[PDB]
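Here are two versions of the same chain, shown separately as structure tokens and labelled structure 1 and structure 2.
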Structure 1
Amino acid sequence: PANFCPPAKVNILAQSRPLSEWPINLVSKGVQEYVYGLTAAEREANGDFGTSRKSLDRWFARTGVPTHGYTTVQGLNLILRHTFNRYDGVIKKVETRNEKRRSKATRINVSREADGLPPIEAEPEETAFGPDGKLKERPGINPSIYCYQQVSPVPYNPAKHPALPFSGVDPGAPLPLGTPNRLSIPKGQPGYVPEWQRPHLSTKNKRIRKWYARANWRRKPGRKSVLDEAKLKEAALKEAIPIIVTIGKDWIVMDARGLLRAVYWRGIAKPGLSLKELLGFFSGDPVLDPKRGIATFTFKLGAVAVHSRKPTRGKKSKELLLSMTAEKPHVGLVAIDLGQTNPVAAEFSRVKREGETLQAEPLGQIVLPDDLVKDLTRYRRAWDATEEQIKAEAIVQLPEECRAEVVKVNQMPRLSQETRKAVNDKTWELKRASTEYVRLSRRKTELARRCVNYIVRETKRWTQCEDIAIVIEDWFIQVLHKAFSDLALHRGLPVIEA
């Protein structure tokens, strides 16, 4: 059974007024502010919000949070049930910590009593509620508008909101296609491919980029062009695919080419689908993020063919391998070593079902290609270039009492195990606030995923088995392991860690 729904993001094109001023957002902020700052005793009292119209009305009357015009049950049940589950998520953290600690006590003290040693005194189990009655780790406010069935995405029509400048396609007509005869464009027009790079044009299944894409005009050292933004923006808007969400009076318009690319690169839909089918591949409950301008869609349970399993290991590993050999009688295991010169070392195998046990059939070994290593080396140079900058910036801003000590640390004795916390926390804060650090932390994940996909592809060629298994053992080692472990969660392939 399919039980994983990956995301897909689209861009907002037009708004009635900023997303933060919507009554849905204001009521969400009010409810979140009231529930979080109320003691444990009164949570039970104000915890009868109910899943009905009468219950919601009484909850708002007994409390004092401004209903702000918003009075829709579908949406208030999401604003409330989320807010109380977050409140019962700071209690649950301390509860699980104290449960692990009490289980440690139940083991150790009972073992000591069996050895004649009396149990030690019980610890002061931590409380999530501070001095008077309030949560110490107060949950923050979540800026997000969680859509529902009544406000689900619909294709645009001229008799929806006439103020929209750009046109809207027919919801029933088949969707357009990008320029298919790219070699038929005359010279001097957009999209012209000059007559010297025509031979070495890729014959693969590349994704097609239109000439006005930001990737073809971004400022990079080799690009001697102009990044005039207005022309590209209007050229893009002239060919958007508008879908629209209306909540009461306000409305927001999305460009749906993101969903098109999402269904195109995964292969769930071929060219020639309508907009109704395109929205069918996604849920009618998107999530809006007012800070960026994104709208995140998730696929329906059934669109993708991933089971989203867990990395089973140990005793269950042999049972899993026996079950898979009971399936298609050709399974290719791949074994990953890491920590040996290049980041990835792999070892192919094939396993059969010889009655009860397995019969491994070695197939060889593979080393990462050279271009991938070059990309990784360039990434390492970039990361070590930003690190020596952000760490220096963190050191500079230190208080003079700590600044002098840290300066001495660079000078030439190792001491002050009390400013280490200071430099650690401020380096963490700068890392969280450094956008270049965010990009160079996303590049690590992208490159690790490139490596993992390479190994997974080449373990289907050497073994010629559609079904595969992955073995890993418990720098790039951490990110590589994290990327490899995600395969069970993301793509369904087992990860038999041993």
Structure 2
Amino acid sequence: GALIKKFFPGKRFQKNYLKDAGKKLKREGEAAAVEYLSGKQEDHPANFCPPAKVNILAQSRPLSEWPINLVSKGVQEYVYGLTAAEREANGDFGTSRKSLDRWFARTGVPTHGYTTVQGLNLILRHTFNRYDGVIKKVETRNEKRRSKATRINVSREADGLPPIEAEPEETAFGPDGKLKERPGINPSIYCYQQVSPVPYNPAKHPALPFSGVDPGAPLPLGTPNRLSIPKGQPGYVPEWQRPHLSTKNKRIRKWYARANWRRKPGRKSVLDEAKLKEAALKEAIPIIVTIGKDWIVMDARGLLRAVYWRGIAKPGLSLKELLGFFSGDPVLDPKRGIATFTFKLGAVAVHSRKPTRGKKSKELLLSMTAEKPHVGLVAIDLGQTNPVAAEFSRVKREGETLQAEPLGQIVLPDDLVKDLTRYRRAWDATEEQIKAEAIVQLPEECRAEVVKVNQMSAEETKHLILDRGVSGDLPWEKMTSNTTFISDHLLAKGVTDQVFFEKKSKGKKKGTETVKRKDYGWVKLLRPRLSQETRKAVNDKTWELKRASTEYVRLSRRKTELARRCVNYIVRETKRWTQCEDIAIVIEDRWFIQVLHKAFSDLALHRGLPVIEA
């Protein structure tokens, strides 16, 4: 079907339609594909299917004991562990009953009665391609290291460079033929069509403590009017809170929400996990997946929130219609005790674009201004005393030339920088704490070396300069970082004749330069750089001690949450200032800089907003 896309000028369709067209091409007739694709000639099809997450309410047996789990575990522990050469050997794979047989039979992979082609195909594809993913990730890391080394050499060529003999390692590949058993056994269960979720029905399903609802009946709504709830009962809003309530259509929380009872520095209330769970289980929306003789029941309220906050579905829909906005192939992971759904290809109207550079950035504006004769822009300035600064503009269309209109510049609000700085003080505490804890767990000689190198300061490094008989006089005031004065410092005691020289380069032009060694260059030749043996050890140890931290895992999520909050603010006032729905962001190539740049660049992937890198 891809080859004959010629009849359609430029238009690109969705993936499922393309596969169906290929089916209609390989099968009887050829004009069937043309007629099928006729009437659907979108130029910006929906490419993105966001995730939705649900909790697990009940289950027959723990997910580890299911036959599907044991078969997938065997397949994974088998493929993750043969040599890289033999992966292509026994990788017959196939996608059929005949091909899956003679594969599960000639290999020592015991099926536990599981013989479903769909589940087995998912298992085999995911296992083999995760095995390929780890090796291509090793290749990617090696390529990134090579590029970084080349850039480091190029930069070091300009100034006085110490020898840089980076430790040579090729692809990991393990020591023996076995590539790597690095891929952990994924406990997640990948569901398929024949076990797709359905509304819980007491007649055809096991009896559980909670109760179901009529699949066709509209799903229950929340509390209709909280202000009508009487005193002495849950949900009661006291009178001193009624005036200063919210007015925006915010998400409504039940009184048994854990966000209202969680332990907090200033609550002085009593949390009852059992009582809250008992109250919360009564108003669930159960959905059940049956694989073989086993089942798990999930709460569909997460799907309901996903469809509400995105504005795809208004209140009044049913459980059958709510399930119809999601694919019937969720992922059941036992570790979190949740399941992850994914939106259907079309439930979100998002075309994940790619950030544009240079020439293509010119034609992108012509494309957007051709459809509408106004496109809002925002120029993001990440370097300033405020985390984000933006400049707005509205671009018209005039022949081959794009117009412009500077409008205004805003800054991040004062009530948000306060949150960002309350975050910074927490991150610094955790970084210092993990550094100290690593200092505790370093070797005694390594710890002594570390405390010494931290204790060796400018004068400890300049002990050599002192050994040449000089004392700190002229660079003792800020060292004059703009210029180089270490030569004059050594001249103060007649040592400037022993100053070593750094040779500069003319760049594209041919020639070198005889220039006094810079103060920064002098420190470079003087500041010790500790041996990679201990440096790598301490850095790696800090890395895993930081990975295992129970607060670092939370602060890393707060990073992304705050960055996305800033991006959402910038896009909202970008829309409000320009009063245009089409907006394109132009972005210039501890710190919030990296997380903000990733959050801004994620827009072209998650919400289709054209991000221009310049």
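Numbers follow structure 1, counted from its first residue as 1. Rigid core (definition): largest C-alpha set, two forms, superposition within 1.5 Å.
Scan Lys374, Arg209, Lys316, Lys136 for the one whose CA shifts by 2 Å or more between structures 1 and 2 after superposing the rigid core, and name it. Among the listed residues, the one whose C-alpha moves by 2 Å or more is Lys136.
Cα of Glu42 displaced 2 Å or more between structures 1 and 2, core superposed? Comparing forms between structures 1 and 2, the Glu42 CA shifts at least 2 Å.
Superposing on the rigid core, I want to see if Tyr87 changes position between structures 1 and 2 - specifically a Cα shift of 2 Å or more. Passes the 2 Å threshold, so yes.
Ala230 C-alpha relocation of at least 2 Å between structures 1 and 2, rigid core basis: False for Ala230: its C-alpha shift is below 2 Å.
Cα shift of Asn342 between structures 1 and 2 after core superposition, in Å? Here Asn342 registers a C-alpha shift of 0.5 Å.
For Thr127, what C-alpha shift in Å is seen between structures 1 and 2 once the core is overlaid? Rounded to one decimal, the shift is 6.0 Å.
After superposing on the rigid core, how many Å does the CA of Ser111 move between structures 1 and 2? Once the two forms are fitted on their core, the shift reads 22.1 Å.
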